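J.: No sequence on hand, only this structure:
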């Protein structure tokens, strides 16, 4: 083997054929993304001095200066509705990370697919299906979203294209005949690329319970 | 049969049958190392805290009876 | 279904006013009822209720400014639905004041729809002009007037005009 | 029986093979009985097929 | 032909045959035809004759182990709550026979049952998705 | 140390650690870790407040060994991305912060 460290817990990864790189989706429950630990960081930093004690002694600058290796002390993580989701462009040959995508607070990404719409050209696409505000054990959500990335620098660079909202959490994404299948909740839908947001080119409401995963010959 | 817990009969209520299958599911979770580990992965906790929350949910599940 | 008339000669006795109103408006469809009072508030006015909606729209367009007992009457669609209509019969934006749709071609045009839309003081937006001459976007200051225009040509033999619901 | 149902407007199938009163099967029959064509301004992802065809005739 | 009843002894003895066959063939992949025969076995569930009812019990037990519980339970669901007392007596007897053995493997096959006011009848653990 | 599902202690200053997930660890005790400034708490110490303390690297231990652990294996792809003809196993595997992406080749170390 060889071990390449990561941050959050990857739920899946996909091959990018031509750039021959690896796109990794990471998610952690009860978790705080970097900026979140920065706002709680500075939050406690502020709440220290307010004890009004002699003010003079600051452990705040050293404490914040202290940054612990995240593996040895594990997860500085708690809270119910909070999440962490990160994307990564990593070389297969070596362990270097080509790019790192740092997403919103509560949004967990359970699917990603890389394909090329038959209408457009060879331009690659990174489609990240994302869930919004999971309340895990009752079952509910605030809704869902899908993020789109053009996968540039022959696939060695990513850029955010658009944020397209959707009522429900996508559990899987698969390409079919030059266009993109997405089941969402229990509803199966055929999506085609919009240049602002995706549009639905079909739907089926029959499937009773939920859509877990999808494969396409 | 009676002294074998989970025994049903013609007068069996909904609530009792479903709380049965609940508790049995939970004993399966305590039982299988993996599926337990799956739970720990999904919702982030220790194996321990998982089993603890389950053992809390053993008597309750569905909540009060009718 | 109900039209609101004002600018009426208030010297006519109430029962005569109502009977002439009934007579005059019978030419467009069955008039179900007429509400007219001589109070200070309501004098010089009347509500005329028709069974058919197309009848109300036709009446409105054809009798606008008709000399009645000496004065030119002013007609408009009523603000609310008449109690009698609600009883005979039994969304939040409706009634809306923007009607966009098509199915109105045939050398039809923008000054045409602009004069038909013009008929209404609500005449605000009128979009009928491409090679199309068949897609009509009408923004009428208020739904009484949008409803007046729409109720006037509510079956342009069948055109499709869809409020911006 | 099927003549009363079907002529009543309540279609004849098993679904209704229980209740007798005329009323309830009316609500039961009420219980018995949308695509996006992407305009060029990238706002028409809410726009219907037929609507965008109408804007084909307009365009 | 036999299980289709000329007279009770046919159903009984044939059922015993289904039993011993069902224990014997276990695990070798012939289950299909045993399901077919289970169809014709299934109506005989109801009777008061001791030998045919205990026969049928042995039958459905062997069929339990051979076919696997899932199919059994899929025949035994609706009978549990049926209004009549008879059907409940029996289908609960069966469901008990299916329940004692293989109670460990039943978990997956309990269907989804919606939650009412005072009680939450959905087990959400199975819906945790990575 | 990382969370250990089970712990065996061995004589002659040894500590075994099998982590719940991620690589296993073998530790050795080079000091009993007493007697210094490190606060040594009692059950009778006054409060009603909880005694705090400062995390830090290992000052009581030395890490002997790190054992290969695949579990949990979240996702697996067998594909040959390298020069040779034998497919490499690309495996996203791990738990929380310690999660990682590992590659399997056919060889001894």
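T.: Structure's in. What do you need? Numbers count the residues shown, from 1 in each chain, chains lettered A, B, ... in the order given.

J.: so does stretch E:66-74 get close to chain B?
T.: No - remark: stretch E:66-74 sits outside contact range of chain B, by C-beta under 8 Å from any C-beta of the partner chain, the gap being at least 11.2 Å. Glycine gets a C-beta too; all of them are placed from N, C-alpha and C.

J.: repeat for stretch E:80-87
T.: Yes - contact of stretch E:80-87 with chain B (C-beta under 8 Å from any C-beta) involves E:80, E:81, E:85.

J.: Need the phi and psi values for the closest residue in space to the first one that isn't next to it in sequence.
T.: What that stands for is residue E:80. Spatial nearest neighbour of residue E:80, chain neighbours left out: residue E:91 (5.4 Å); criterion: C-beta to C-beta, 6 or more residues apart in numbering or on different chains. Phi and psi for residue E:91, reported as degrees, to the nearest 10, are phi -50, psi -30.

J.: and if you look at residue A:110?
T.: phi -100, psi 0.

J.: Check the one 3 residues further on too.
T.: The main-chain torsion angles of residue A:113 are listed as degrees, to the nearest 10 and equal phi -150, psi 140.

J.: pretty sure it is in contact with residue A:180, am I right?
T.: Yes - Residue A:113 is within contact range of residue A:180, at 6.8 Å (criterion: C-beta atoms under 8 Å).

J.: Shouldn't residue F:18 be within a helix?
T.: No - under DSSP: H, G, I helix; E, B strand; the rest coil, residue F:18 sits outside any helix and is assigned strand.

J.: thinking again about what came up before, which residues are in contact with both of residue A:113 and residue A:180?
T.: Applying C-beta atoms under 8 Å, 6 or more residues apart in numbering or on different chains, one finds that residue A:113 and residue A:180 are jointly contacted by A:127, A:173, A:174.

J.: tell me the SS of the last one?
T.: With three-state DSSP as the basis, residue A:174 sits in strand.

J.: show me what contacts it?
T.: With C-beta under 8 Å, 6+ apart, residue A:174 has these contacts: A:113, A:180, A:181, A:214, A:215, A:216.

J.: try residue F:102
T.: Shown in contact with residue F:102 (C-beta under 8 Å, 6+ apart): A:1, A:2, A:3, A:4, F:70, F:91, F:93.

J.: Going by distance to chain E, which of those residues wins?
T.: Of all these, chain E sits closest to residue F:93, with 12.1 Å by C-beta to the nearest C-beta.

J.: beta partners for that closest one?
T.: residue F:73, residue F:100 (DSSP bridges).

J.: Tell me the residue of chain D that sits nearest chain F?
T.: For chain D, C-beta to the nearest C-beta, closest residue to chain F: residue D:45, 32.0 Å.

J.: Surely that residue is within a strand?
T.: No - Residue D:45 is assigned helix when assessed by three-state DSSP, not a strand.

J.: quick one: contacts for it?
T.: Contacts of residue D:45 (C-beta under 8 Å, 6+ apart): A:194, A:196, A:197, A:198, A:199, D:36, D:38, D:39.

J.: how about residue D:8, phi and psi?
T.: Dihedral angles (degrees, to the nearest 10) for residue D:8: phi -80, psi -20.

J.: Neighbours of it, how many?
T.: 13 (other C-beta atoms under 10 Å in any protein chain shown).

J.: Redo the contacts of residue A:174 as a markdown table? Include neighbour count and distance to residue C:28.
T.: Formatted as a markdown table, those follow (neighbours: other C-beta atoms under 10 Å in any protein chain shown; distance: C-beta to C-beta, whole Å):
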| residue | neighbour count | distance to residue C:28 |
| --- | --- | --- |
| A:113 | 21 | 63 |
| A:180 | 22 | 56 |
| A:181 | 19 | 57 |
| A:214 | 16 | 61 |
| A:215 | 7 | 66 |
| A:216 | 8 | 62 |
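
J.: of those, closest to residue D:9?
T.: residue A:181 (39.4 Å; C-beta to C-beta).

J.: No further queries at this time; thank you.
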